[PDB]
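Comments concern the structure below.
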2 protein chains.
Amino acid sequence: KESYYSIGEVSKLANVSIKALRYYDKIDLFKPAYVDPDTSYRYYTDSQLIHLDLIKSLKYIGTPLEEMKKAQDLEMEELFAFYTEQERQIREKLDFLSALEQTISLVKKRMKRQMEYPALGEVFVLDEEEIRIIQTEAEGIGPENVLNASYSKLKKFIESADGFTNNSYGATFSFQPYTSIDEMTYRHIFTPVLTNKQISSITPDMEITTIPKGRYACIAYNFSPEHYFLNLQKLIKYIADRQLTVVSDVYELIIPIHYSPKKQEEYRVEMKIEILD
Amino acid sequence: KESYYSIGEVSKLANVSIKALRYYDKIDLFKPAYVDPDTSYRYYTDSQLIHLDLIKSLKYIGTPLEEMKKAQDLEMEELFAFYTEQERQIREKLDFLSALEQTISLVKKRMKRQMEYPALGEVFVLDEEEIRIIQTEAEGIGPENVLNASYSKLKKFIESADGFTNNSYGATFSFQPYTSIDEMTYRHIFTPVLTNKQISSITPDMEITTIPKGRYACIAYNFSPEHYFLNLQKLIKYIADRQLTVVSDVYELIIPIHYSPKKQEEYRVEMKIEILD
DNA sequence: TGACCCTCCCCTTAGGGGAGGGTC
DNA sequence: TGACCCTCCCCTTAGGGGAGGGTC
Ligand SMILES: CCNc1cc2oc3c/c(=[NH+]/CC)c(C)cc-3c(-c3ccccc3C(=O)OCC)c2cc1C
Ligand SMILES: CCNc1cc2oc3c/c(=[NH+]/CC)c(C)cc-3c(-c3ccccc3C(=O)OCC)c2cc1C
């Protein structure tokens, strides 16, 4: 071959855009063998096309362009090693996605349950599967003064293990025949965990524990101040009327119904307490 | 809570950079509840922090920011569906990586073999595993006039199934006791395939076939014009001397030793021909 | 006074999409 | 004359890193 291909010809032959070729030229990754000193037209030799092989392959596996420059200088012995590295980075991506895929599925599972709920505003008993959680003591906090900020450390922690930060906020309190909200004080506030990912060195002010599998007397509803205490009361009454035995704190879970800064915020609230008989 | 968090406070609480908050502000994704009309300082309410939950989660799974705007307007019923979509896109990514991971491994396998080679310039017989390939007739082409461009359609095709374009170039020719290069003409030129990926509607001028598993008389060496024909001759002689029976065309494979536009190009050449006795 | 916050401004990666003007 | 090619120039995404100057 003693001619020359024009940019368009290379483009059509190698299945690479003309823009790409001009760019690889500027980058000094793949430069035409000859540039007409007047028209500036780019001209390529046939033998030179071989170099687009490595470039197109590396582009396919995501290698950044500047990285390619040092990959072409390596050499069949080291290129083998180079690939070994790309592999390790690929399995890294894979592991990440698999984990991610598992998490999304769990979020969806829990998300679906809050949609299958028997009825709102009514107490009912059901067999629950366990729920892993991370908690910390409430230090004075109660329904009237809890803040999103109160969950900062817990969230920082779960975020580090799940990536997918928590959706629901939890709190617990002693099952008592309260007569007023102000009488209530939280024992712990918690956020459920979604991963069995070996917790990133948990500090001792946090406790990894669980809302155990068992029978629970529950009530769920869409939050409204003049409903919070009444639903609690329905739970208290329900348990007293059928003489049930409470064997846990009252578990309280709050989950936003939407995250739109545009519409009036609304929350789903759920109170459950484990029972025996 | 009847105060206000400053940008720095939100940053520390939600584990999101200050720059990020300013940006989410500009984008109109997450805007502070209040902006001091004089200092321009941004101020946020505690209740508002809840919105960073969805945002941080979507950012974790790769959802583009502008996409988030429409995700917050959706609503626990549709958000479920939204996640289902993200899942489908995640498995898409996974499948891609797995395939990619398999390919890289095969490239490495073949790449290693050409490094384990017994010796260069010497004929030797070995048991080969099959090699899938895609070929087309050579139409007159021979060792003296083959061009990289000659492989354009074949490459376009393999690229579509492997992503990782071919590394080696092949050709075949009738086993004859040639006395000169010019007497040689290729029957087919081919590129090996690396994927069992249902070939993207192959046209009939191409043939999916194989260099079959079997015993081959081979010779590999680093290309040099005044060596090409001599090595062929060593093969011819080797086969005649031990009276072997040839049962295939001569398979010729060329692979660049490096893809550096900076150093003198060099190639590994390999000729193999299947035999019986 | 230190921290804290704000508004530019430049910069990163891999080209795609023109617009205006030559060029086999 | 159509195709073909070239050189700007603007633009995309998600902020990070300052620089210069106010601000609890
Ligand atoms: C077990 C999960 N724990 C939580 C429990 C909560 O119980 C609350 C009871 C109330 N009771 C009246 C008797 C009122 C007024 C607000 C409450 C908030 C609240 C705080 C700040 C801004 C908005 C809200 C808010 O509107 O939250 C919806 C529950 C709240 C928040 C969390 C995290
Ligand atoms: C089975 C694979 N098929 C191929 C076989 C080939 O055999 C060749 C034999 C030769 N023999 C002299 C008797 C010479 C001179 C060049 C050859 C080239 C070649 C063509 C253009 C630019 C550089 C080279 C080049 O330098 O290629 C290295 C082989 C070549 C290319 C391919 C794809």
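Chain letters run A, B, ... following the sequence lines, proteins first and then strands; every chain starts at 1. Heavy-atom basis, side chains included; hydrogens, waters and symmetry copies ignored.
Scanning for side-chain contact (heavy atoms from CB on, under 4.5 Å) contacts around B:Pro143 gives B:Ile181, B:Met184, B:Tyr186, B:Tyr228, with sequence neighbours left out.
For A:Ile7, taking side-chain heavy atoms from C-beta onward, the closest of the listed nucleotides D:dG15, D:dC6, C:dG15 is D:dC6. Picking from C:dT7, D:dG15, D:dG16 the nucleotide with the shortest atom distance to the side chain of B:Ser17 gives D:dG16. Between D:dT23, C:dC6, D:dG15, one nucleotide has an atom nearer to the side chain of B:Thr39 than all others, and that is D:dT23. Out of C:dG15, C:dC24, D:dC5, the shortest distance to the side chain of A:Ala20 is found at C:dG15. The B:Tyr41 side chain lies nearest to D:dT23 when the options are D:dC5, D:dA14, D:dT23. Checked against D:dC6, C:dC24, C:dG17, the side chain of A:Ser40 finds its nearest nucleotide in D:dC6.
As judged by a 4.0 angstrom heavy-atom cut-off over every strand, A:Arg22 is placed among the base-contacting residues. In this structure, A:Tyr24 reaches the sugar-phosphate backbone alone: every heavy-atom distance under 4.0 Å involves primed, P, OP1 or OP2 atoms, never a base.
A salt bridge links A:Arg88 with A:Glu85: at least one charged nitrogen is closer than 4.0 Å to a carboxylate oxygen.
Contact between the side-chain N/O atoms of B:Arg42 and the OP1/OP2 oxygens of C:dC4 is not found at any separation under 4.0 Å. Between B:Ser6 and the phosphate of C:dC5, there is a side-chain N or O to OP1/OP2 separation shorter than 4.0 Å. A:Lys59 has a side-chain polar atom (N or O) that falls below the 4.0 Å cut-off from OP1 or OP2 of C:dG15.
If you measure from atom OH of B:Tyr23 to atom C1' of C:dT12, you get 14 Å, rounded to the nearest angstrom. To the nearest angstrom, P of D:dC4 lies 18 Å from CG of A:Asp36.
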> Between B:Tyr41 and B:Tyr4, does a ring-ring contact (aromatic ring centres under 6.0 Å, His included) hold up when you go through it step by step?
Replying inline: CA-CA 11 Å; B:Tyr41 275 36; B:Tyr4 257 160; over 10 Å; no
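Between A:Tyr34 and A:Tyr43, the ring planes lie tilted relative to each other; the angle falls in the 30° to 60° range.
Judged by distance alone, with hydrogens and angles left aside, A:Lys19 brings a side-chain donor or acceptor within reach of the base of C:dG18, the pair sitting under 3.5 Å.
With pairs defined as Watson-Crick or G-U wobble and both atom distances under 3.5 Å, the stems of at least three pairs that touch DNA chain D come out as C:4-12 with D:14-22, C:14-22 with D:4-12.
In this structure, the side chain of B:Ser160 does not engage the main chain of B:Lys156 through any donor-acceptor pair within 3.5 Å.
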